[PDB]
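A look at the structure
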Amino acid sequence: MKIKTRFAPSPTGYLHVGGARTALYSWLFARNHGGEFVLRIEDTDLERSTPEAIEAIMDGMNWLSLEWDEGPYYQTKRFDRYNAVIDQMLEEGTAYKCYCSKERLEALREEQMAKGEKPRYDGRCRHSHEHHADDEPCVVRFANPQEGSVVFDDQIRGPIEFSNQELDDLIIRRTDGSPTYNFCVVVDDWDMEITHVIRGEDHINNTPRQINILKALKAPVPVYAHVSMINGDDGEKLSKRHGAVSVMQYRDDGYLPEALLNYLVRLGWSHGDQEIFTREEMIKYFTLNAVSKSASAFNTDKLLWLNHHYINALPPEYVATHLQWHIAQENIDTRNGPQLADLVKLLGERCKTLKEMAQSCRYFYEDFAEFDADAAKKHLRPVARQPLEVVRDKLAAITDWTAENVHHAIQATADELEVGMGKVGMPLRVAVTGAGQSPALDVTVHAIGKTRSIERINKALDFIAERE
Amino acid sequence: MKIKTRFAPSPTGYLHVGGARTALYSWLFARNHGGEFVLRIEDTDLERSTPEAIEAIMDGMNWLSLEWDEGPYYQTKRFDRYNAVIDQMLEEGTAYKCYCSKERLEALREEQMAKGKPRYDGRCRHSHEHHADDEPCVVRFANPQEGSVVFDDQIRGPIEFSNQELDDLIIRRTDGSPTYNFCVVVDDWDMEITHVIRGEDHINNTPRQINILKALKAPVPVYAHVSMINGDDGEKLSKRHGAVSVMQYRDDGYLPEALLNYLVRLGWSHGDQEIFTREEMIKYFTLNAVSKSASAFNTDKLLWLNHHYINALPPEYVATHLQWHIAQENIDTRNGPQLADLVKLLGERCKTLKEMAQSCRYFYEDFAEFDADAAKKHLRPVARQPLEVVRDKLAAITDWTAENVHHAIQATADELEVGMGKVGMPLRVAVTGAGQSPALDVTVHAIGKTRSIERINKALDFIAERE
Ligand SMILES: N[C@@H](CCC(=O)O)C(=O)O
Ligand SMILES: N[C@@H](CCC(=O)O)C(=O)O
Ligand SMILES: [Zn+2]
Ligand SMILES: [Zn+2]
């Protein structure tokens, strides 16, 4: 059993869309097999691993509701654990102590690159008989095996083979006490007992280096699965120029977490039949073998309509909880108006993003100072007060305030008084909304209270009464 | 129950979208209950019943694939049938022969409008005087005066009209021609129509048609009047809102499946489901589910409906409708890829068949000059060497497939170390002429190896203008 996946991002300042999909594959697989999902932070890069950068990762994880069972663990700590394993490998002989200077190390790399070889450190200090010990500063390296090769069955890329002759005895501790990054990964995956590694594509070169270290210090080597990169619109790697790149920028743009997670799953992974999956539906049907090795392009137009569906498909109460954030972005006093769960029922089919719903809704909660200049010139003086005064005093006739009673009440006008339906509904729309674009008239004027209805109808009557 | 629905449009010049939805409900109701769908023509208005105007109805029904079991019947014909029933009805006590002149009617209507509703009095209802022998006159129908008329409308509920509001309407003019309200009754009786599904404006004519059906011993059918289709501002659908004729949507690049699916959703609602096949619309259709309220026309959703059906329907069927818009663009489709294959390429990109006929000429015809704008960014001298290795590698493969094309562009940008976008984009501008196209694996494959080199070298002959 003990299935344990991991997500160990290096802080970039935010949560990259490609990194969120990687975390989703590691999170779906841990939940698929009833395992644990561990969170880890690669904050050794002290410049870009700011406290705001680390929070932007966890805040992005929480919005997508990708909760973790263990963590988060930080690589800036556990240094005493890292040096404890290094001292262990020095005693067992699996790691030696190099004494070459940086002058000879750079002269070795320039000679191999010139000679048409691969930059690898030869075993000069691997089995050196030259003494130079104790008080002298030095670095320690990992005695990489020389014979054979390492082959790991990648669930995404298939069988991958790396000859041991192209892997060097990598350094695992610098001149100072700090250990190198690759050694900080093998012990973390060992101490946390990771069984399935799901990371990006560019980490494939360090995978055979990490396996030979785990096999050395006697550790259960996990099965690796490297997901391909996400390409943009023109076939290049996904960047900020292709569109929104951070998961929180999509939250600012007016998206739902279910819409983004359902689209990132469809990038590479496929089920054939479906395009829309629920959270629990992704857990069951997810298979690493189904993820494609080819890179997928990012279609922002498809993601938008994916968001439009989830706005009207998800429960109106839950969509309202995400609508509240963009409501505060537009700064709207939502005390005197309809419910938020009832607001998404009105503006559901109209707009395709929550930002577009927070906008074009202020007339449901707040009064407007002026009218729309073009919409005001539409309902001029002729036959404007005649249909407005009869419908204003007819809406307040009922005690049961429902949109059904309003429809037949608005139906009374333009039918009892011979006139077109657009000759009263359009002036009524501009009266209560201020513009000439809104949902159904019977439903729009019902969400607005009967008080603010006659207040804004008489407001237009005082406006059309300006022939002087 | 031997269910029989009908669709009898009056030729307005074309096929209104609202009229097609009415024909769609009657066709669905007949196919749901294993009945017959009959077709009738109200071509009595000889001014707008042009042979071109009546044909636009026939081919519009055929475009939506709304085949009929009976018909088409024409009200221009069966005039002897219309004159034979009134003569039989004149023999019975249900229809008399009025004789009042046009002067008495206007003087009575203006007197009835002056007193405390214009309803013709029964002056000739029980007159024993022959009044004339062959002089001009008008035949009318004796309307019942006691009680009411009630018809259970399946959409608008129960509607009641008092018989005192229905006057003895005219059923035959002075020139012997019969009126419209009587022609509908005799047609629906000889054709054995069990369910009537028509527009909303015929709700006032329903009680008059039933009192004639209650007379002469006739089975009264069940009526169901659909609500009008309103536009963006709440008024009836007109040309100012957008496309109105069904054939205008074929010109604009739509499919019959996309238009029928959207008109079905207008009013009739079946849960969260939005996309139905023709067979699903036959099964799940319920006449009571049609809402009494009027629904506005959302051209944005209809565009999304068509985008789905382009990629959901078989590519060979979409190719048969795409052929009409290729002829509109006047594209020589002799050298390029197959039409059914073209739908696979431009499928997820465009949302209408006109948008597919456009932005596809470079697959079939060569372009004289480039877009310049996209060339100025990708035809720089730095790309003259990526283009010299792709064409030498594109021809190295004997098996011409999109996969072997990708491996050719993959050998490039690796031998000459550079980003893959720095070779595929100049290849995209050289082969397509602009900076937008599907995947380069299928774009240069569908165009061909011969026309590729002819366009790569065309770019090489152009990018060599650094002087
Ligand atoms: N921190 C690395 C991943 C390290 C790993 O998964 O081994 C990244 O964000 O790309
Ligand atoms: N011909 C009428 C319909 C007649 C009927 O359905 O009874 C129309 O086009 O509106
Ligand atoms: Zn050394
Ligand atoms: Zn008379």
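Definitions and cut-offs
- Residues numbered from 1 in each chain as written, not as in the entry; some residues may be left out.
- Chains lettered and ligands numbered in written order.
- Heavy atoms only, no water.
- Residues with missing side-chain atoms left out of burial classes, pairs and counts.
- Helix = DSSP H or I, 4+ residues; strand = E, 2+ residues; numbered from the N terminus.
- Rg over C-alpha atoms; globule rule 2.2 N^0.38 Å.
- Donors = N, O, S within 2.8 Å, 3.2 Å for Na, K, Ca; no water.
- Tetrahedral: all angles 85-135°; square planar, octahedral: opposite > 155°, others 65-115°.
- Contact = heavy atoms within 4.5 Å.
- Buried area = accessible area lost by both parts, 1.4 Å probe.
- Salt bridge = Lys/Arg side-chain N within 4 Å of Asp/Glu carboxyl O.
- Polar contact = N/O pair within 3.5 Å; in protein donor to acceptor, adjacent residues only side chain to side chain.
- Nonpolar A, V, L, I, M, F, W, Y, C, P; charged D, E, K, R; others polar.
- UniProt positions renumbered as here; feature names shortened; annotations may be inferred.
- Buried < 20%, exposed > 50% of the residue type's maximum accessible area, 1.4 Å probe, protein only.
- Arc of directions from axis to C-beta.
- Pairing = 2+ DSSP bridges.
- Axes fitted to C-alpha atoms, helices over the stretch in contact; angles between N-to-C directions.
- Near = heavy atom within 4 Å.
- Areas by Shrake-Rupley, 256 points an atom, 1.4 Å probe, with all protein chains shown as cover.
- Domains from an automatic or database assignment.
- Parallel < 35°, antiparallel > 145°, perpendicular 65-115°, else oblique.

**What about the overall build of chain B?**
Each helix and strand counted, chain B has 19 helices and ten strands in total. The C-alpha radius of gyration computed for chain B amounts to 32 Å, which surpasses the reference 23 Å derived for 467 residues by more than 25%, pointing to a less compact arrangement than a globule. Along the first, second and third principal axes, the C-alpha set of chain B runs to 110 × 40 × 40 Å.

**Quick word on the coordination of the zinc ion (ligand 3)**
All names here are of chain A. The coordination sphere of the zinc ion (ligand 3) contains the protein donors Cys 98 (SG), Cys 100 (SG), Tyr 121 (OH) and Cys 125 (SG), at a distance range of 2.2 to 2.3 Å. Coordination at the zinc ion (ligand 3) is tetrahedral, judged from the four donor atoms that bind it and the angles of 87 to 131° they form at the metal. Mapped onto the sequence, the residues coordinating the zinc ion (ligand 3) show the spacing C-x1-C-x20-Y-x3-C. Pair noted here: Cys 98 is in strand 4 (residues 95-98) and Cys 125 is in the loop between helix 4 (102-114) and strand 5 (139-142), with a separation of 27 residues, a long-range link.

**A few points about the interface of chain A and chain B**
Contacts between the two partners involve nine residues from chain A and, on the opposite side, ten residues from chain B. On the chain A side of the contact with chain B, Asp 234, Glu 236 and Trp 305 of chain A bury the most area, a combined 38% of that side's loss. Between chain A and chain B we count zero salt bridges in total. Counting across the interface, chain A meets chain B through one residue pair in polar contact. The element contributing the most residues to the side of chain A that touches chain B is helix 17 (residues 422-433) of chain A, with three residues. By residue class, the composition of the side of chain A that touches chain B is three nonpolar, three polar and three charged.

**Some details on the UniProt feature "binding site: Zn(2+)" in chain B**
All names here are of chain B. The positions that UniProt labels "binding site: Zn(2+)" are, in the present scheme, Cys 98, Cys 100, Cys 124 and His 126. With respect to the secondary-structure elements, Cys 100 resides in the loop between strand 4 (95-98) and helix 4 (102-114). Not counting the four nearest positions on each side in its chain, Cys 100 is found in contact with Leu 105, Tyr 120 and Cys 124. With respect to the element layout, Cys 124 can be found in the loop between helix 4 and strand 5 (138-141).

**Overview of helix 18 (residues 440-447) of chain B**
All names here are of chain B. Taken together, the buried positions of helix 18 are occupied by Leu 440, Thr 443, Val 444, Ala 446 and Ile 447. Buried residues of helix 18, seen end-on, are gathered within an arc of 165° and therefore sit on one face of the element. Downstream of helix 18 by one or two residues, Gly 448 has phi in the positive range, about 125°.

**Quick notes on the sheet that holds strand 8 (residues 170-172) of chain B**
Residue and element names in this part refer to chain B. One open sheet accounts for three strands, arranged 4-5-8; its pairing is antiparallel. Because the sheet does not close on itself, it has two edges, and the strands there are strand 4 and strand 8. If you compare each strand with its neighbour and ignore which way they point, the axes differ by 40° on average. Where strand 5 lies against strand 8, two bridges are found, and the strand directions are antiparallel. By the bridge assignment for strand 8, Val 139 is matched with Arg 172.

**Quick notes on the UniProt feature "binding site: Zn(2+)" in chain A**
Residue and element names in this part refer to chain A. With numbering aligned to this structure, UniProt lists the feature "binding site: Zn(2+)" at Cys 98, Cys 100, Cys 125 and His 127. A compact arrangement is adopted by the annotated residues: their sequence extent is 30 residues, whereas the largest C-alpha distance between any two is 12.8 Å. Relative to the assigned elements, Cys 100 resides in the loop between strand 4 and helix 4. Its relative accessible area of 13% is what places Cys 100 among the buried residues. Setting aside anything within four residues of it in sequence, one finds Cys 100 in contact with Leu 105, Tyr 121, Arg 124 and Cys 125.

**Digging into the site of ligand 2**
All names here are of chain B. In the vicinity of ligand 2, the contacting residues are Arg 6, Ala 8, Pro 9, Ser 10, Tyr 180, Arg 198 and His 202. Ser 10 places a main-chain nitrogen or oxygen 3.1 Å from an oxygen atom of ligand 2. Between ligand 2 and the protein, one listed contact pairs an oxygen atom with a side-chain N or O atom of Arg 198 at 3.2 Å. Burial of ligand 2 by the surrounding chains reaches 78%, relative to a free accessible area of 300 Å². Of the residues contributing to the shell around ligand 2, the split by class is three nonpolar, two polar and two charged.

**Observations concerning the UniProt feature "short sequence motif: 'HIGH' region" in chain B**
Taken from the UniProt record, the annotation "short sequence motif: 'HIGH' region" applies to residues 9-19 of chain B. Taken as a whole, residues 9-19 of chain B contains 27% helix and 0% strand, while its terminal C-alpha atoms sit 7 Å from one another.

**Some remarks on unusual backbone geometry**
Here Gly 71 of chain A and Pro 72 of chain A are connected by a cis peptide whose omega angle stands at 0°. Of note, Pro 72 of chain A is situated in strand 3 (residues 70-74). Backbone torsion omega between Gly 71 of chain B and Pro 72 of chain B reads 0°, so that peptide bond is classified as cis. Following the sequence through the fold, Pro 72 of chain B ends up in strand 3 (residues 70-74). Although it is not a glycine, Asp 134 of chain A adopts a positive phi angle of roughly 65°. Under the relative-accessibility criterion, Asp 134 of chain A is labelled exposed at 79%. Located in the positive-phi region is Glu 192 of chain B, a residue other than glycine, with phi close to 60°.

**Description of the environment of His 203 of chain A**
All names here are of chain A. With respect to the secondary-structure elements, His 203 resides in the loop between strand 9 (196-199) and helix 6 (207-216). The class for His 203 is partly exposed, based on a relative accessible area of 33%. In sequence terms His 203 and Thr 287 are 84 residues apart; their C-alpha atoms lie 21 Å from each other.

**Some points on the coordination of the zinc ion (ligand 4)**
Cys 98 of chain B (SG), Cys 100 of chain B (SG), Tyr 120 of chain B (OH) and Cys 124 of chain B (SG) make up the full set of protein donors to the zinc ion (ligand 4), lying at 2.2 to 2.3 Å. Among the residues examined, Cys 98 of chain B registers a relative accessible area of 1% and is labelled buried.

**Things to note about the domain arrangement of chain A**
Residue and element names in this part refer to chain A. Partitioning chain A into domains gives domain 1 (4-72 + 229-305), domain 2 (79-226), domain 3 (315-365) and domain 4 (367-468). One C-alpha centre belongs to domain 3, the other to domain 4; they are set 23 Å apart. Residue-level contacts link eight residues of domain 3 with 13 residues of domain 4. A buried area of about 870 Å², summed over both sides, lies between domain 3 and domain 4, and 59% of it is on carbon and sulfur atoms.

**Structural notes on the packing of helix 3 (residues 79-92) of chain A against helix 5 (residues 181-191) of chain A**
All names here are of chain A. Where helix 3 meets helix 5, the axes come as close as 10 Å, and the angle between the chain directions of the two elements is 95°. Relative to helix 5, the element helix 3 is oriented roughly perpendicular. Between helix 3, through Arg 81, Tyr 82, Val 85, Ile 86 and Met 89, and helix 5, the contact on the second element is made entirely by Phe 183, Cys 184, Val 187, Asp 188, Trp 190 and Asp 191. Of the residues assigned to the contact of helix 3 with helix 5, the class counts are eight nonpolar, no polar and three charged.

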